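Text of the file my_file33.cif, holding mmCIF, C-alpha atoms and all ligand atoms:
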```cif
data_input
loop_
_atom_site.label_atom_id
_atom_site.label_comp_id
_atom_site.auth_asym_id
_atom_site.auth_seq_id
_atom_site.Cartn_x
_atom_site.Cartn_y
_atom_site.Cartn_z
CA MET A 1 -18.31 -18.45 -11.45
CA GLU A 2 -21.76 -19.01 -12.97
CA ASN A 3 -22.62 -15.29 -12.86
CA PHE A 4 -19.40 -14.28 -14.64
CA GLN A 5 -16.71 -15.51 -17.00
CA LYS A 6 -13.08 -15.28 -15.93
CA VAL A 7 -11.68 -13.07 -18.67
CA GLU A 8 -8.22 -13.57 -17.16
CA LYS A 9 -6.45 -14.18 -13.86
CA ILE A 10 -5.58 -10.63 -12.86
CA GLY A 11 -3.05 -11.37 -10.13
CA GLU A 12 -2.46 -12.57 -6.59
CA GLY A 13 -2.53 -10.53 -3.41
CA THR A 14 -1.77 -11.26 0.23
CA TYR A 15 -5.42 -12.19 0.79
CA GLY A 16 -6.36 -13.88 -2.48
CA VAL A 17 -6.43 -14.33 -6.25
CA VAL A 18 -7.90 -11.51 -8.35
CA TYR A 19 -9.76 -12.05 -11.62
CA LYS A 20 -11.03 -9.74 -14.34
CA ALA A 21 -14.61 -10.79 -15.06
CA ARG A 22 -17.71 -9.67 -16.92
CA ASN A 23 -21.12 -9.91 -15.30
CA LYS A 24 -22.75 -12.10 -17.99
CA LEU A 25 -26.12 -10.49 -17.30
CA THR A 26 -25.10 -6.83 -16.95
CA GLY A 27 -21.92 -6.96 -19.00
CA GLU A 28 -20.14 -4.80 -16.46
CA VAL A 29 -16.42 -5.59 -16.25
CA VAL A 30 -15.22 -6.01 -12.68
CA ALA A 31 -12.30 -7.30 -10.63
CA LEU A 32 -13.24 -10.37 -8.60
CA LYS A 33 -11.18 -11.37 -5.61
CA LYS A 34 -11.58 -14.85 -4.13
CA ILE A 35 -10.78 -15.19 -0.44
CA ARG A 36 -9.34 -18.57 0.53
CA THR A 41 -11.14 -22.81 5.28
CA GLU A 42 -14.25 -24.03 7.11
CA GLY A 43 -14.56 -21.28 9.69
CA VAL A 44 -14.96 -17.99 7.82
CA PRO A 45 -15.60 -15.40 10.58
CA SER A 46 -19.02 -13.73 10.39
CA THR A 47 -17.58 -10.69 12.15
CA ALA A 48 -15.38 -10.17 9.10
CA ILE A 49 -18.22 -10.20 6.58
CA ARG A 50 -19.91 -7.47 8.61
CA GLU A 51 -16.66 -5.50 8.77
CA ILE A 52 -16.04 -5.86 5.04
CA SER A 53 -19.70 -5.22 4.24
CA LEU A 54 -19.32 -1.79 5.85
CA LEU A 55 -16.52 -1.00 3.39
CA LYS A 56 -19.05 -1.00 0.53
CA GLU A 57 -20.14 2.36 1.95
CA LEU A 58 -16.73 3.91 1.35
CA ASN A 59 -16.90 6.19 -1.66
CA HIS A 60 -14.06 8.45 -2.71
CA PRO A 61 -12.49 9.15 -6.12
CA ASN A 62 -9.20 7.69 -4.95
CA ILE A 63 -10.52 4.48 -3.50
CA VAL A 64 -11.39 1.49 -5.69
CA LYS A 65 -15.11 0.97 -5.17
CA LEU A 66 -16.09 -2.27 -3.44
CA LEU A 67 -19.30 -3.26 -5.24
CA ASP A 68 -20.22 -6.47 -3.43
CA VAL A 69 -19.26 -8.98 -0.74
CA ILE A 70 -20.47 -12.55 -1.37
CA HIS A 71 -20.14 -15.46 1.04
CA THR A 72 -20.78 -18.87 -0.55
CA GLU A 73 -19.33 -22.38 -0.29
CA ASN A 74 -16.69 -21.31 2.26
CA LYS A 75 -15.37 -18.99 -0.45
CA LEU A 76 -15.67 -15.24 -0.04
CA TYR A 77 -15.89 -13.02 -3.11
CA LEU A 78 -15.25 -9.31 -3.22
CA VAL A 79 -16.41 -7.54 -6.36
CA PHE A 80 -14.57 -4.32 -7.19
CA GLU A 81 -14.82 -1.75 -9.96
CA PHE A 82 -12.10 -2.60 -12.49
CA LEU A 83 -9.07 -0.46 -13.37
CA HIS A 84 -6.70 -1.50 -16.16
CA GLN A 85 -3.24 -1.21 -14.69
CA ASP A 86 -1.49 -1.38 -11.32
CA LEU A 87 1.34 0.96 -10.35
CA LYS A 88 3.91 -1.81 -10.19
CA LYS A 89 3.36 -2.59 -13.85
CA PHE A 90 3.39 1.12 -14.77
CA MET A 91 6.65 1.72 -12.89
CA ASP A 92 8.23 -1.25 -14.64
CA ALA A 93 6.97 0.02 -18.00
CA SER A 94 8.36 3.48 -17.17
CA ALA A 95 11.74 2.24 -15.88
CA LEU A 96 13.76 3.47 -18.88
CA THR A 97 12.68 7.09 -18.73
CA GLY A 98 11.11 7.32 -15.29
CA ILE A 99 7.66 8.66 -14.39
CA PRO A 100 7.64 12.43 -14.97
CA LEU A 101 7.79 14.37 -11.69
CA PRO A 102 4.48 16.11 -12.35
CA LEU A 103 2.73 12.71 -12.60
CA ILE A 104 4.54 11.35 -9.54
CA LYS A 105 3.37 14.41 -7.64
CA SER A 106 -0.18 14.05 -8.92
CA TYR A 107 -0.30 10.40 -7.92
CA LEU A 108 1.15 11.07 -4.46
CA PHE A 109 -1.37 13.91 -3.89
CA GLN A 110 -4.25 11.67 -4.96
CA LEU A 111 -3.12 8.75 -2.80
CA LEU A 112 -2.86 11.05 0.25
CA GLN A 113 -6.40 12.27 -0.45
CA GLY A 114 -7.49 8.65 -0.49
CA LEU A 115 -5.67 7.88 2.76
CA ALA A 116 -6.95 11.09 4.37
CA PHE A 117 -10.48 9.94 3.56
CA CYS A 118 -10.08 6.37 4.81
CA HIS A 119 -8.24 7.41 7.95
CA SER A 120 -10.90 9.99 8.80
CA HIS A 121 -13.38 7.11 8.60
CA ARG A 122 -11.17 5.03 10.90
CA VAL A 123 -10.21 2.64 8.07
CA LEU A 124 -6.57 1.60 7.66
CA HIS A 125 -5.06 -0.24 4.75
CA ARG A 126 -2.05 -1.90 6.49
CA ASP A 127 -0.63 -3.50 3.34
CA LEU A 128 -0.09 -0.75 0.79
CA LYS A 129 2.22 -1.56 -2.12
CA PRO A 130 2.52 -0.67 -5.84
CA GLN A 131 0.42 -3.73 -6.75
CA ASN A 132 -2.46 -2.36 -4.61
CA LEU A 133 -2.48 1.02 -6.41
CA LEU A 134 -4.50 1.18 -9.62
CA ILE A 135 -4.42 3.74 -12.41
CA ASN A 136 -6.61 4.66 -15.36
CA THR A 137 -6.21 6.58 -18.60
CA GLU A 138 -7.55 9.85 -17.16
CA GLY A 139 -4.71 10.36 -14.70
CA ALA A 140 -6.50 9.02 -11.61
CA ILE A 141 -4.90 6.61 -9.14
CA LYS A 142 -6.86 4.66 -6.52
CA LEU A 143 -6.15 2.46 -3.53
CA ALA A 144 -7.51 -1.09 -3.48
CA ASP A 145 -7.96 -3.53 -0.56
CA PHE A 146 -8.49 -1.00 2.23
CA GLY A 147 -9.59 -2.36 5.59
CA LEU A 148 -9.36 -6.01 4.54
CA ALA A 149 -6.36 -6.51 6.83
CA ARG A 150 -8.27 -5.48 9.97
CA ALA A 151 -11.38 -7.56 9.23
CA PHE A 152 -8.94 -10.42 8.59
CA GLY A 153 -5.61 -11.41 10.11
CA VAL A 154 -2.21 -12.16 8.60
CA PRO A 155 -1.37 -15.56 7.02
CA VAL A 156 2.16 -17.02 7.03
CA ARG A 157 2.35 -16.06 3.34
CA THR A 158 -0.67 -15.30 1.16
CA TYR A 159 -2.81 -18.43 0.77
CA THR A 160 -0.78 -20.84 -1.37
CA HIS A 161 3.01 -20.62 -0.98
CA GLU A 162 3.80 -17.09 -2.18
CA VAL A 163 6.48 -14.68 -0.96
CA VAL A 164 4.69 -11.78 0.74
CA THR A 165 6.46 -8.46 0.13
CA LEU A 166 7.87 -6.77 3.25
CA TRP A 167 9.34 -3.80 1.40
CA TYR A 168 6.63 -1.34 2.43
CA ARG A 169 6.13 -2.42 6.03
CA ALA A 170 6.49 0.22 8.75
CA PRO A 171 9.16 -0.32 11.42
CA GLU A 172 6.67 -0.59 14.27
CA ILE A 173 5.10 -3.60 12.53
CA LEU A 174 8.53 -5.20 12.02
CA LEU A 175 9.30 -4.59 15.70
CA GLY A 176 6.17 -6.51 16.75
CA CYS A 177 3.78 -3.76 17.79
CA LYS A 178 0.38 -5.22 18.57
CA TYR A 179 -1.56 -2.07 17.74
CA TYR A 180 -1.31 -0.44 14.31
CA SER A 181 -2.14 3.20 13.61
CA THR A 182 -2.84 5.18 10.45
CA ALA A 183 0.89 5.98 10.43
CA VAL A 184 1.65 2.55 8.94
CA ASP A 185 0.00 3.66 5.67
CA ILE A 186 1.93 6.90 5.49
CA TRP A 187 5.16 4.89 5.85
CA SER A 188 4.21 2.54 3.01
CA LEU A 189 3.24 5.45 0.80
CA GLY A 190 6.56 7.22 1.53
CA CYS A 191 8.37 4.04 0.42
CA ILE A 192 6.31 4.03 -2.78
CA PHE A 193 6.97 7.76 -3.40
CA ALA A 194 10.72 7.14 -3.14
CA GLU A 195 10.44 4.19 -5.51
CA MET A 196 8.61 6.24 -8.16
CA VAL A 197 11.37 8.84 -7.94
CA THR A 198 14.49 6.67 -8.01
CA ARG A 199 13.02 3.72 -9.94
CA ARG A 200 14.30 1.29 -7.35
CA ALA A 201 12.63 -0.01 -4.21
CA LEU A 202 13.77 1.97 -1.17
CA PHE A 203 14.00 -0.94 1.30
CA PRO A 204 14.00 -4.24 -0.62
CA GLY A 205 14.28 -6.64 2.31
CA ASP A 206 14.21 -10.39 1.70
CA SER A 207 13.43 -11.32 5.33
CA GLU A 208 11.91 -9.51 8.29
CA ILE A 209 15.29 -8.84 9.87
CA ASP A 210 16.86 -7.84 6.53
CA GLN A 211 13.93 -5.45 6.00
CA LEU A 212 14.44 -3.94 9.41
CA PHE A 213 18.19 -3.63 9.01
CA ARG A 214 17.88 -2.07 5.53
CA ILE A 215 15.68 0.58 7.12
CA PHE A 216 18.24 1.05 9.92
CA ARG A 217 21.22 1.31 7.53
CA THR A 218 19.50 4.16 5.70
CA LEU A 219 17.65 6.07 8.40
CA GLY A 220 19.94 5.13 11.29
CA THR A 221 19.25 2.60 14.05
CA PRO A 222 16.43 4.14 16.08
CA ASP A 223 16.95 5.00 19.72
CA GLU A 224 14.91 6.48 22.56
CA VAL A 225 15.81 10.01 21.45
CA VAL A 226 14.12 9.82 18.03
CA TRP A 227 11.65 7.12 18.99
CA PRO A 228 10.56 7.11 22.66
CA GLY A 229 9.61 3.60 23.63
CA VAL A 230 11.42 1.84 20.81
CA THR A 231 13.67 -0.21 23.13
CA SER A 232 10.59 -1.70 24.78
CA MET A 233 9.03 -2.94 21.53
CA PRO A 234 8.29 -6.70 21.45
CA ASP A 235 10.97 -7.64 18.95
CA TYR A 236 13.51 -4.95 19.75
CA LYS A 237 16.91 -6.49 20.67
CA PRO A 238 19.65 -4.46 22.37
CA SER A 239 21.98 -6.39 20.09
CA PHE A 240 20.76 -4.62 16.91
CA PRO A 241 23.76 -3.05 15.19
CA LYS A 242 23.93 0.73 15.59
CA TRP A 243 24.11 2.32 12.12
CA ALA A 244 24.49 6.07 11.54
CA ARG A 245 21.69 7.80 9.61
CA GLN A 246 22.53 8.50 5.97
CA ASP A 247 22.52 11.98 4.53
CA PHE A 248 19.02 12.23 3.13
CA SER A 249 20.14 13.68 -0.25
CA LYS A 250 21.71 10.33 -1.12
CA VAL A 251 18.44 8.41 -0.58
CA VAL A 252 16.22 9.90 -3.29
CA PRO A 253 18.34 11.88 -5.72
CA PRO A 254 17.54 13.94 -7.67
CA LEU A 255 14.30 14.87 -5.83
CA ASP A 256 14.16 18.57 -4.79
CA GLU A 257 14.14 19.76 -1.16
CA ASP A 258 10.34 20.11 -0.98
CA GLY A 259 10.03 16.47 -1.99
CA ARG A 260 12.85 15.34 0.33
CA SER A 261 11.33 17.24 3.25
CA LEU A 262 7.90 15.65 2.72
CA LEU A 263 9.46 12.19 2.36
CA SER A 264 11.46 12.66 5.53
CA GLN A 265 8.24 13.44 7.42
CA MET A 266 6.52 10.34 6.00
CA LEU A 267 9.44 8.19 7.12
CA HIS A 268 9.85 9.37 10.72
CA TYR A 269 10.44 6.39 13.02
CA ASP A 270 8.00 7.40 15.76
CA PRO A 271 4.46 6.80 14.39
CA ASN A 272 3.42 9.82 16.43
CA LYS A 273 5.88 12.11 14.67
CA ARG A 274 5.11 10.70 11.21
CA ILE A 275 3.09 13.21 9.15
CA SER A 276 -0.65 12.55 8.72
CA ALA A 277 -2.19 12.29 5.24
CA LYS A 278 -4.15 15.52 5.86
CA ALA A 279 -1.07 17.48 6.96
CA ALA A 280 0.92 16.06 4.05
CA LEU A 281 -1.64 17.42 1.59
CA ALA A 282 -0.75 20.90 2.87
CA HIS A 283 3.01 20.43 2.38
CA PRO A 284 4.66 22.95 0.01
CA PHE A 285 5.63 20.11 -2.29
CA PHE A 286 2.05 20.23 -3.59
CA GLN A 287 1.88 23.96 -4.23
CA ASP A 288 2.17 23.37 -7.99
CA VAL A 289 0.37 20.04 -8.25
CA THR A 290 -1.46 19.29 -11.50
CA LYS A 291 -3.22 16.28 -12.98
CA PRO A 292 -1.23 15.03 -16.01
CA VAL A 293 -2.41 12.29 -18.38
CA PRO A 294 -0.16 9.23 -18.20
CA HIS A 295 1.04 7.36 -21.27
CA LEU A 296 -0.70 4.06 -20.64
CA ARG A 297 -0.22 1.10 -22.92
CA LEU A 298 -3.01 -1.38 -22.29
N1 LIG A 301 -3.15 -6.49 -10.43
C1 LIG A 301 -4.22 -5.87 -10.81
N2 LIG A 301 -4.34 -5.44 -12.11
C2 LIG A 301 -5.47 -4.80 -12.52
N3 LIG A 301 -5.60 -4.37 -13.79
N4 LIG A 301 -6.48 -4.58 -11.64
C3 LIG A 301 -6.40 -4.99 -10.33
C4 LIG A 301 -7.43 -4.74 -9.45
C5 LIG A 301 -7.33 -5.17 -8.07
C6 LIG A 301 -8.37 -4.91 -7.14
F1 LIG A 301 -8.24 -5.32 -5.85
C7 LIG A 301 -9.53 -4.22 -7.54
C8 LIG A 301 -9.68 -3.78 -8.88
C9 LIG A 301 -8.66 -4.03 -9.86
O1 LIG A 301 -8.80 -3.63 -11.06
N5 LIG A 301 -5.25 -5.65 -9.92
#
```
Can I see the file as structure tokens?
Amino acid sequence: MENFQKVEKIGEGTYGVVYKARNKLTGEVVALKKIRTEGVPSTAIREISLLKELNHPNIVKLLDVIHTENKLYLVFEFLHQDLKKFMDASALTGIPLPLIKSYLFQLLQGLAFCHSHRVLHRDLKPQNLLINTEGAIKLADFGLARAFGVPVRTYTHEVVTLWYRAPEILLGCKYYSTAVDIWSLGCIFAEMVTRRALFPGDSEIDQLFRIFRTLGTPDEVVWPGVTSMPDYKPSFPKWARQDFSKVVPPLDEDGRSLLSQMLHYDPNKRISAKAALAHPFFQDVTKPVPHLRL
């Protein structure tokens, strides 16, 4: 891009390719996302444009929205490392519990803020969570999903990750609620703790069944209305719920209790980000400095 200089290709998300770039004129280093195409809804640019007004310490700042030559560019403040990379780098020893707790607390503050502003993420995953050297963690790509839709993959033949998708989405619900983000974050919390994805599905049905094998096949008792969901099939196998202490060992009972509330089947029973911030698990929360190798 004439105004910048692709330092490097950062990565690839469900909505587009991300680049690290320096504003040739201002020298500011930013993350530039290119949205993939002759229509380009004008209702979306307005939607996205409103996101520039979102300012919170745990939300990656959206600096600009540029529509040109069919291409759409989102300019974000740049952070050096995503959580997926950090988890991989910390796989041998594991992320210390105090840091896991700090990150979870911060992410809930970010979700509490967005949700109070009626903004949902809808596609949270480790790759969408960014960290810096001072111990902060921030959510990136909030609200893009709503202003947009949902491509078959990403944009150019790439396996979209289903591991963090809430059951109501997998069952075909047409209306999403803030609960979908709490579910994704619970899946991420578990993954930081055990160092293994909680529900690593390789297909939509495998994703759903992995959830059922662990949390039990949902029924009308625990989830009123589940048997009427669009993709619910009476033929789903009926698996018994697993003892919860086997899911995220060796997490303590405060942590297991909070996780269980973030993973309730019924979106209406699932804990809100604000209520989660008050959970006893955070009574001793601190803000540790991570060991980041950049
Ligand atoms: N994979 C990756 N890696 C890194 N380092 N950064 C980012 C990044 C993504 C955004 F959407 C906004 C800002 C960012 O910095 N993404």
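Atom CA of residue A:14 is positioned 15.2 Å from atom CA of residue A:88.
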Practice item. Could you please extract the residues within 7 Å of ligand LIG 301 (chain A), counting all atoms listed in the file, and hand them back as a list in words? Key: residues 10, 11, 18, 31, 33, 64, 80, 81, 82, 83, 84, 85, 86, 131, 132, 134, 144 and 145 of chain A
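Residues lying within 10 Å of residue A:119, counting only C-alpha atoms and ignoring same-chain neighbours fewer than 3 positions away, are residues 113, 114, 115, 116, 122, 123, 124, 125, 181, 182, 183, 185, 276, 277 and 278 of chain A.
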Exercise for review: Choose the residue, out of A:289, A:35, A:244, A:118, that has the smallest atom-to-atom separation from residue A:12; count all atoms listed in the file.
Suggested key: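 The closest residue to residue A:12 is A:35.
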Check your understanding: Which residue gives the smallest distance to residue A:78 among A:60, A:24, A:274, A:34, with only C-alpha atoms counted?
Key ->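 Ranked by minimum distance to residue A:78, first place goes to A:34.
If you measure from each of A:165, A:225, A:74, A:133 to residue A:205 using only C-alpha atoms, the closest one turns out to be A:165.
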Review point. Nearest to residue A:16 among A:41, A:218, A:231, A:158, with distances taken over all atoms listed in the file: which residue is it?
Key: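 Of A:41, A:218, A:231, A:158, the one nearest residue A:16, counting all atoms listed in the file, is A:158.
The two atoms in question, atom CA of residue A:136 and atom CA of residue A:296, are spaced 7.9 Å apart.
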Check your understanding: With only C-alpha atoms as the atoms that count, which of A:90, A:4, A:227, A:117 lies nearest to residue A:172?
Key ->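 For residue A:172, the nearest of the candidates is A:227.
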Within 10 Å of residue A:273, counting all atoms listed in the file, which residues show up once you throw out same-chain ones fewer than 4 positions away? Write them as a PDB file with C-alpha atoms, in the frame of the given file, please.
```
ATOM      1  CA  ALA A 183       0.890   5.980  10.430  1.00  0.00           C
ATOM      2  CA  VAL A 226      14.120   9.820  18.030  1.00  0.00           C
ATOM      3  CA  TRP A 227      11.650   7.120  18.990  1.00  0.00           C
ATOM      4  CA  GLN A 265       8.240  13.440   7.420  1.00  0.00           C
ATOM      5  CA  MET A 266       6.520  10.340   6.000  1.00  0.00           C
ATOM      6  CA  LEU A 267       9.440   8.190   7.120  1.00  0.00           C
ATOM      7  CA  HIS A 268       9.850   9.370  10.720  1.00  0.00           C
ATOM      8  CA  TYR A 269      10.440   6.390  13.020  1.00  0.00           C
TER       9      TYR A 269
END
```
**Study point:** Pairwise distance for atom CA of residue A:61 and atom CA of residue A:143, rounded to one decimal in Å
**Key:**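 Computing the Euclidean distance for atom CA of residue A:61 and atom CA of residue A:143 yields 9.6 Å.
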Practice item. Pick out the closest residue to residue A:101 from this set: A:197, A:175, A:209, A:66. Count only C-alpha atoms. Key: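 Comparing A:197, A:175, A:209, A:66 against residue A:101, the winner is A:197.
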Point to revise | Residue contacts of residue A:200 (10 Å, only C-alpha atoms) excluding same-chain residues fewer than 5 positions away, as a PyMOL selection string | key: chain A and resi 91-92+95+192+194-195+252
Test item: axis-aligned box, all listed atoms of stretch 75-84 of chain A, 5 Å on each side, centre and edges in Å rounded to one decimal, as JSON:
```
{"center_x": -11.6, "center_y": -9.7, "center_z": -8.1, "size_x": 19.7, "size_y": 28.5, "size_z": 26.1}
```
